[PDB]
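Written below as structure tokens is the structure these notes are about.
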Protein chains: 2
Amino acid sequence: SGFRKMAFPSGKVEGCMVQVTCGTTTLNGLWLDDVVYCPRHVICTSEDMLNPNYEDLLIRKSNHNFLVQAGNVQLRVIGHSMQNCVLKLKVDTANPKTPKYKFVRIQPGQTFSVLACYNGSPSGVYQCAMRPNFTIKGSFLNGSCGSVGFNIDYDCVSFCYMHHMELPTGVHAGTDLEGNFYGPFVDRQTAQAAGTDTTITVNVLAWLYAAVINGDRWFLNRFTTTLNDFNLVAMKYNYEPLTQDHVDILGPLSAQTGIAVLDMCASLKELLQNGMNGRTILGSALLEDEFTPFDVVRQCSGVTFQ
Amino acid sequence: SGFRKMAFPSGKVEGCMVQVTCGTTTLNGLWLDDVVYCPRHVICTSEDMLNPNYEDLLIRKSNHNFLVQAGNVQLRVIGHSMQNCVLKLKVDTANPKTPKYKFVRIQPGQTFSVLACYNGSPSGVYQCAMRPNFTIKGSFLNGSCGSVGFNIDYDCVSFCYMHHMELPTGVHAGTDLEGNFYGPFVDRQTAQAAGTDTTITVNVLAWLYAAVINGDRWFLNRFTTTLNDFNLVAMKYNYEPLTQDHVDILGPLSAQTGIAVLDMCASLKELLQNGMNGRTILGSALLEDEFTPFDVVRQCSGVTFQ
Ligand SMILES: *[C@@](O)(c1nc2cc(I)ccc2s1)[C@@H](C[C@H]1CCNC1=O)NC(=O)[C@@H]1[C@@H]2[C@H](CN1C(=O)[C@@H](NC(=O)C(F)(F)F)C(C)(C)C)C2(C)C
Ligand SMILES: *[C@@](O)(c1nc2cc(I)ccc2s1)[C@@H](C[C@H]1CCNC1=O)NC(=O)[C@@H]1[C@@H]2[C@H](CN1C(=O)[C@@H](NC(=O)C(F)(F)F)C(C)(C)C)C2(C)C
């Protein structure tokens, strides 16, 4: 049936994207009900970004200083406040296209769809994981800030990411929708790098199950292993420890394919120690770690409106 | 800045998806203005699909036999006709969410976004290429039929694919929106396989340019080559011939990076002959051929509403 990096359909979020301009600085914002959420550094010029005092820049602004555009309709701002690294702009019109929604803070290892936007207008959608080092491997240019990441579950959009910045090796950092950074990063143009990343073990195992489901089974061996013994090995290759919680979350896939989790662990142990020997799994030459157990079930069970 | 398999934002097409039921068979349809387009085999039961006579099945149907649902609103059908492998259902309500749109027949090598749908409801979006053998490497389950592929250009959705069937090695076949199959495939459950596939040379070159743009340049050599000499080599590794038209289409990327097309050809020739030596290009261990020159520019230049 096939297996692809699938993004959540983006319509629900496209209806919420707007452009926010303060002075000559413009970026994206998220219009939910009568509030627009955008990165606080919309209030910054070039100069300001080496070392901004945001409380200071902001006190010098007033409501009318923020130009909010939904398409070519302007929205009138009637209040503003800063929450962490995010600015909230109260507008006098509720977004009629607001979907049912929640703000969530995802954990390292969870995947989400990014709607990359420029000028309040949607460029594309793609799927990402929050890496263990709290970066995302994105695709973002100048003007993408305020682009958002999200999950859908039936009718409900859980927004979990807002884009702020690009770190030295071409990866990305940002906040939840309460303006709290993932990872130890700050919103200033100063030198910062991600710590060392690690592979999301549980996701690799999920992807292996997806391969069994798709009939790609060559890598299955005859062995089992213990959780402890598996994890000593994983450690060497810079894989996350697999926890009981991760084992439990793989339970659906385990039960569908009839392969015990620790049996799949034994197969992965071998792949880490022997390599793939120029073979692919699901068309791919490396082990993939940006599919969660839920992503595999969704794609393999056909879960819709999400 | 990063480089991902980016899909077109799907909102414009999500607003057009509906469920079509005839008897006990249900699949997806596309509601544009006052017409619903769906695969003609909505008129088939299990039995019928070994060897269907579609003109015969259809003459026995009337308008009221087709249950069209947009969400939980039913649409009243007032006419029907078959065009090739597609059924057109005239309904008495125009879809107010119809975007500006065109039907196009893409060429082998062009990419598009698939909105995978079940029960007239959107499951996910992903990017695909029309392979030289006229299949797509999709991700599709039972009930996905009538899912559509499309490009966006500013406000305009060009629909180029409608999903019909899955071929032996887990790849996919379907029609344009006039119901004409890509490739020599037919809509019956009979034995059919894709011919041998080939790599889309021009797309590989475009992706290499994307890598140079992203600062991944290790694979650039000091050489040039002729088009003829390049193509003799490509042939051995089962790459499409590169034409002057393909050279011309790579002109923007060539000019932006300052690397002549035939110089990039020389670098690819080496990669085909030497392999990648356990190195990656843009995180990937294999050469990727499902990005067009336009896809690279769009993603690298930040082109929106598309
Ligand atoms: C973004 O879109 C924003 N652009 C601007 C421009 C102005 I004038 C004011 C505020 C903002 S937010 C986004 C840009 C793109 C840039 C390339 N890839 C992205 O993801 N954000 C930034 O430019 C942020 C912003 C400044 C500096 N910055 C960075 O991403 C920079 N990174 C860093 O300095 C480091 F910490 F290493 F990550 C840089 C531009 C990539 C060098 C803020 C406030 C951090
Ligand atoms: C699709 O969603 C449809 N399902 C039905 C069910 C009925 I009853 C009537 C009409 C349709 S269209 C889609 C299904 C999924 C199936 C798994 N992956 C897909 O892409 N289409 C089909 O089931 C089509 C349909 C029958 C047989 N068929 C196939 O895809 C089959 N392939 C072939 O026989 C072969 F030619 F090799 F490709 C099969 C189900 C994968 C074995 C039509 C009319 C071709």
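Neighbour counts run over all protein chains shown; Cβ positions are idealised from the backbone, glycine included. What is reported rests on the model, the rules as stated and the sources as named; no laboratory instrument gave them.
Data table
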| quantity | calculated |
| --- | --- |
| Residue match in region B:18-32 (condition: within 14 Å of another protein chain (Cβ to nearest Cβ), assigned to a loop (DSSP other than H, G, I, E, B), in contact with a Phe, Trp or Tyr (Cβ under 6 Å, 6 or more places away or on another chain) and crowded, with 18+ Cβ neighbours inside 10 Å) | no |
| Residue in region A:133-146 that is surrounded by fewer than 18 Cβ atoms within 10 Å (Cβ to Cβ) and closer than 15 Å to residue A:292 by Cβ present | no |
| Of all residues in region B:188-200 being within 8 Å of ligand 2 (Cβ to nearest atom) and either among the hydrophobic types (A, V, I, L, M, F, W, C) or not in a loop (DSSP other than H, G, I, E, B) (or both), the one that is surrounded by the fewest Cβ atoms within 10 Å (Cβ to Cβ) | B:191 |
| Test for residue B:71: is it within 28 Å of the chain's Cα centre (by Cα) and either more than 14 Å from every other protein chain (Cβ to nearest Cβ) or within 30 Å of residue A:296 (Cα to Cα) (or both) | yes |
| Selection count where residues are in contact with a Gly (Cβ under 7 Å, 6 or more places away or on another chain) and more than 13 Å from ligand 1 (Cβ to nearest atom), scope region A:133-153 | 1 |
| Residue selected from region B:138-179 under the condition away from ligand 2 (no atom under 16 Å from the Cβ) and hydroxyl-bearing (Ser, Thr, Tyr), by the criterion nearest to residue A:5 (Cα to Cα) | B:158 |
| Qualifying residue in region B:211-221 (condition: surrounded by fewer than 18 Cβ atoms within 10 Å (Cβ to Cβ), in the same structural domain as residue B:296 (by CATH) and either touching a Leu at 6+ places or on another chain (Cβ under 7 Å) or at positive phi (or both)) | yes |
| Set B:230, B:140, B:185: member being among the aromatic types (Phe, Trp, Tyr), within 13 Å of chain A (Cβ to nearest Cβ) and either in contact with a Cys (Cβ under 9 Å, 6 or more places away or on another chain) or part of a loop (DSSP other than H, G, I, E, B) (or both) | B:140 |
| Residue list for region B:260-303, restricted to those being in a loop (DSSP other than H, G, I, E, B), buried (at least 19 other Cβ atoms within 10 Å of the Cβ) and over 20 Å from the mean Cα position of the chain (by Cα) | B:302 |
| Every residue from region A:154-182 that is away from every other protein chain (no Cβ under 13 Å) and either among the aromatic types (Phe, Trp, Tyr) or more than 13 Å from ligand 1 (Cβ to nearest atom) (or both) | A:156, A:158, A:159, A:160, A:161, A:176, A:177, A:178, A:180, A:181, A:182 |
| Residue list for region B:21-50, filter: more than 26 Å from the chain's Cα centre (by Cα) and either among the charged types (D, E, K, R) or near ligand 2 (Cβ under 8 Å from one of its atoms) (or both) | B:24, B:45, B:46, B:47, B:48 |
| Residue check, residue A:80 within 22 Å of residue A:181 (Cα to Cα), in contact (Cβ under 8 Å) with a residue 12 or more places away in the chain and more than 26 Å from the chain's Cα centre (by Cα) | yes |
| Check on residue B:212, in contact with a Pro (Cβ under 8 Å, 6 or more places away or on another chain) and either assigned to a helix (DSSP H, G or I) or away from ligand 2 (no atom under 16 Å from the Cβ) (or both) | no |
| Residue list for region B:175-203, filter: small (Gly, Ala, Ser) and free of Cβ contacts under 8 Å to residues at least 40 places away in the same chain | B:191, B:193 |
